[PDB]
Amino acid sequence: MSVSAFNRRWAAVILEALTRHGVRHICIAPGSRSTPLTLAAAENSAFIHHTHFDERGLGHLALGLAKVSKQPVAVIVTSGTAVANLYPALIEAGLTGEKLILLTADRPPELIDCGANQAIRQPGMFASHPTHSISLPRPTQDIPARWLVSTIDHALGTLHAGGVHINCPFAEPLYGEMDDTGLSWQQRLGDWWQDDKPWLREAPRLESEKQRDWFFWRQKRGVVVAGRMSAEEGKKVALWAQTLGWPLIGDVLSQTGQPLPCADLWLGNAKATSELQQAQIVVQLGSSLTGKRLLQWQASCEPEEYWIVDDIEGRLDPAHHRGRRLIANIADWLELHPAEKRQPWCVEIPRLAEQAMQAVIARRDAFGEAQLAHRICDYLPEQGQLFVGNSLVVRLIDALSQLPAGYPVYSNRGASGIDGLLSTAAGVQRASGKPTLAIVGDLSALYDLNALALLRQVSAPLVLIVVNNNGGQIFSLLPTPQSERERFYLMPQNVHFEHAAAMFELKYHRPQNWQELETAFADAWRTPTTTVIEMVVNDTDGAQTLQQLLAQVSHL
């Protein structure tokens, strides 16, 4: 009748159950109340274990691992504010689909709402953000193991996307030698312990039916909009749009190759929007569109029908057009709605896109963040991946660069938080093992500064560029009021990152010109470690350059 042993055998069912649903990575933060979960995880040979001391960063590490691997990733934390720190990553996963399985240790019911240390009300604390929430009962052998595994199996098997909150109360004692308490209870599952399948297989698939009138609609003047999708999907969408003869507006997140690049610039030209007024249908694949001019064009356009195809659920059109919301894997959907070669209908836009890119090329020389974004293709690691941060960088790359088709791009553009970008990048790198280029702003790097600890362990080179324009210079692009702008928006912190790199024994470069930047890259890709490259630029030059290029292209 050992409580500590039974706690561990209850936890062992939970952890073993997760292995039957593809969970391999598990991210663990330290604690005492989490002991049953952590020891079950440590003893289970199925897992790759990652650790970190900041639970907010731990959640984002898990997000990054899940984002790239397309597997559910588990997280273990102890009770209290440790749990609350998982909320940012959980929210992001709810928007972009990562399957995060949050195993949150709790005090038992007799220690809630009585002033006990590190005891808070945990069931329901993430409100509607998890896809599923399981509030487990106080462990007892009077609840059979088959109930516990079935409950796990239901949550994981029916999970289309997003997080699962599994709250796990345990009473003390937590420590002690294992004895045989609970062994016969576990053995009621019989040879499930040697199986590779769930105890309960419940795996309904959610998918829209094929659209039977596609072969009518594909004959019309259409536009393809490509948002966030996989690298392979981007290549397939590019070929499909080309065959249809429809213009493709491709986001930085699409990996389509952006055949009509600089859309954030050319969509500001009235000749382009006039031509797009002829579109009778818009088929958008993927979502979370980046650029302002694209979002404004989406909001203004009035095709007879607007379709959004994505593997995310729910409405995805913030302008609420008449049309269709089609839940599907994009590659599968394209096979069911194929293209037939048809003469292209756009005449003006291809010329404008070429002129827009030429205007950007003309400005490539200055050593600034707009130019870095424009030139970033030249710096992508071979057989690698790009992790793009939030704020100006994603907008500048989207507006000013043409990224190669099929070259993987990752981001946190559901809620677009600046709170977890370094820890997410670490997980993105570890999941695929690829060389990684990550680009973030200065406030973003400060926000997740302690994730430099995680970047001490990468399996291939990771270059972290920190663009230091001394504050959040998106607020110099937006029409914020001048008098309050510095103190209440930009918030310059007047730091550099050399000492941050040194604290974590990371290589550091602060290049002053393009030649020094290319030398720093050549150095960085040589070893499976993280290099920090700080690009110090004048505060508002990037915002102003984008504004100037917008105006120039609007007048062509």
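Quick note: we count residues from 1 along the sequence shown, nothing fancier.
- When the C-alpha B-factors of 189-197 and 316-324 are averaged, 189-197 comes out higher.
- Comparing 446-454 with 341-349, the stretch with the higher mean C-alpha B-factor in the PDB entry is 341-349.
- In the deposited coordinates, the residue among 279, 418, 166, 428 with the greatest CA B-factor is 279.
- Each of 310, 113, 177, 98 has a CA temperature factor in the record; the biggest one is found at 177.
- Ranked within its chain, residue 355 lands in the highest third, by CA B factor from the PDB record.
- Among the modelled residues of the chain, residue 54 sits in the lowest third by CA temperature factor in this PDB entry.
- When the modelled residues of the chain are ordered by C-alpha B-factor, residue 543 sits in the highest third.
- Among the modelled residues of its chain, residue 240 has a C-alpha B-factor that falls in the middle third, as given in the PDB entry.
- Residue 488: CA B factor in the middle third of modelled residues in this chain (values from the PDB entry).
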